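**Q** Can you keep this structure in mind? I'll have questions shortly.
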Amino acid sequence: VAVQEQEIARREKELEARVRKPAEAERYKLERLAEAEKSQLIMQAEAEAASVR
Amino acid sequence: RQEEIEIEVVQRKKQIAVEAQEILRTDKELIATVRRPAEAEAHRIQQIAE
Amino acid sequence: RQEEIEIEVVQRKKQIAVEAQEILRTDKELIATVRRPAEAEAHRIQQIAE
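Residue numbers (the entry's author numbering), protein chains in the order written: chain B, 265 to 317; chain A, 253 to 302; chain A', 253 to 302. A prime marks a further copy of an entry chain.
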């Protein structure tokens, strides 16, 4: 029982590094990569619009 | 034979105290194998949803 | 056997301090493998778009 009372404190740290931290890193990646996709599409839109006018 | 079967009685009398620790063990085990892992899995969703 | 199983208890007591460093390691590792590479990849787009 004492061994598993320490297994709790274990998983609480392992899960932070295995489950939480990478999901949080993925969120930051997705956000700053989305700004780049948007930036390229607005610049491309302006180019196509200028080419038409 | 009254004394022989009494050996089984004292064994059961002790087995009860073993299983009392088993409940407590199984409880902590479920916190580490089910409650905490599920709480971590739920946080992923709240992050990848953003 | 009370003293033998205590060996496992002190091992876990220390394993907790190992994983505490593991979080910190994994954090810095993600800055070098994910956050910074993604920030570099995003700059390419802002340049090739011009």
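Backbone N, C-alpha and C fix where the C-beta goes; we use that ideal spot for every residue, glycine too.
Should residue 210(B) be flagged as near chain A, meaning a C-beta pair shorter than 8 Å?
**A** With chain B running from 265 to 317 in the structure shown, residue 210(B) is simply not present.
**Q** Could you tell me which of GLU281(A'), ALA284(A'), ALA290(A') and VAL286(A') sits nearest to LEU297(B), measuring between CA atoms?
**A** It is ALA290(A').
**Q** List, in chain order, every chain B residue whose beta-carbon is nearer than 7 Å to that of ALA292(A).
**A** Neighbours of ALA292(A) on chain B, chain order: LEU279, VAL283 and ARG284.
**Q** Verify whether the separation of the beta carbon atoms of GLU281(A) and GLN268(B) is less than 8 Å.
**A** Yes, these two residues count as a Cβ contact at 8 Å.
**Q** Could you give the distance in angstroms between the alpha-carbon of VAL262(A') and the alpha-carbon of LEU305(B)?
**A** Their Cα atoms are separated by approximately 58 Å.
**Q** Rounded C-beta distance between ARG288(A) and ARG275(B)? I'm assuming under 8 Å.
**A** Sure, about 5 Å apart at Cβ, within 8 Å.
**Q** Name the chain B residues that come within less than 9 Å of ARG264(A'), Cβ to Cβ?
**A** What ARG264(A') touches in chain B: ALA266, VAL267, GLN268, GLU269, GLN270, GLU271, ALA273 and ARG274.
**Q** Hey, would you say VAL283(B) sits closer than 8 Å to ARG277(A), going by beta carbons?
**A** Cβ distance not < 8 Å, so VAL283(B) and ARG277(A) don't count as in contact.
**Q** Spatial neighbours of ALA311(B) within its chain, please: CB distance less than 7 Å, with the 5 preceding and 5 following residues excluded, ordered by chain position.
**A** Nothing listed; no residue qualifies.
**Q** Please confirm whether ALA284(A) has its beta-carbon closer than 8 Å to some beta-carbon of chain B.
**A** With 8 Å as the cut-off, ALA284(A) counts as an interface residue toward chain B.
**Q** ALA300(B) and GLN298(A') - do their beta-carbons sit closer together than 8 Å?
**A** Cβ distance < 8 Å, so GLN298(A') and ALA300(B) count as in contact.
**Q** What separation, rounded to the nearest whole angstrom, lies between the Cα atoms of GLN273(A') and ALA301(A)?
**A** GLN273(A') and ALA301(A): Cα-Cα distance of roughly 29 Å.
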